[PDB]
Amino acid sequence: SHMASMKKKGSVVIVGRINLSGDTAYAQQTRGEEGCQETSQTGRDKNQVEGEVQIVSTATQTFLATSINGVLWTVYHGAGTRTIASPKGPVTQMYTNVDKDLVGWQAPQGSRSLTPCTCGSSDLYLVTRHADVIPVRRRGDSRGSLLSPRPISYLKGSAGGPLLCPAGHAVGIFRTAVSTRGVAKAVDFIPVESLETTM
């Protein structure tokens, strides 16, 4: 009831990226934890952004965000309704859809966007926050099976990351693991068409 002392949640902050530009996929950190906490509070992030897949953090969570069609997309269960930190201060979401577990902000200057897939191919590749590239066979509109199942620990923190087709187009945004006894045999994702509809 004490309005004057009510806090505000911080912004989502870009803290690194998954580098896919060369022959080797690898994670790069661009901001440490202390800088992250400060930048989340101010919403002012002057660091250079590059690439398609960003590693992002709040005060309490870390996950991924993926640029497609000039929008940096991620999961609502990570970002909520938060702004994203940017060189000019906090930027408000331009898309929010709790029903799809989806949010988006205008893509940061310097980022590159993936192109939505129109191949209609079911051989996919999930990119994790550790830059693992995991083959996934598409099994429905929003499901795919891991060719090599993994403990959910290996996938944790990768929601918001991409599933890509063989040509490197965006097919979906990783949302949940389909897990039994802690082993992810499959994943659920927001299909890129659903992004395109939300747009």
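From 1 onward, residues are counted along the sequence shown.
In this entry, the higher average B-factor at the C-alpha atoms falls on 21-29, of the pair 21-29 and 186-194.
Taking only CA atoms, the mean B-factor in the PDB entry is higher for 46-54 than for the other of 158-166 and 46-54. Per the deposited coordinates, the residue with the largest Cα temperature factor out of 113, 96, 109, 74 is 109. The entry assigns its greatest Cα B factor, within the set 82, 88, 129, 100, to 88. Among the modelled residues of the chain, residue 67 sits in the lowest third by CA temperature factor in this PDB entry. Ranked within its chain, residue 180 lands in the highest third, by CA B factor from the PDB record. Per the PDB record, residue ranking by Cα B-factor puts residue 146 in the middle third of the chain. Annotation for residue 59: C-alpha temperature factor in the highest third relative to the rest of the modelled chain, per the entry.
Per the deposited record, the Cα B-factor of residue 136 falls in the middle third when ranked against the other modelled residues of its chain.
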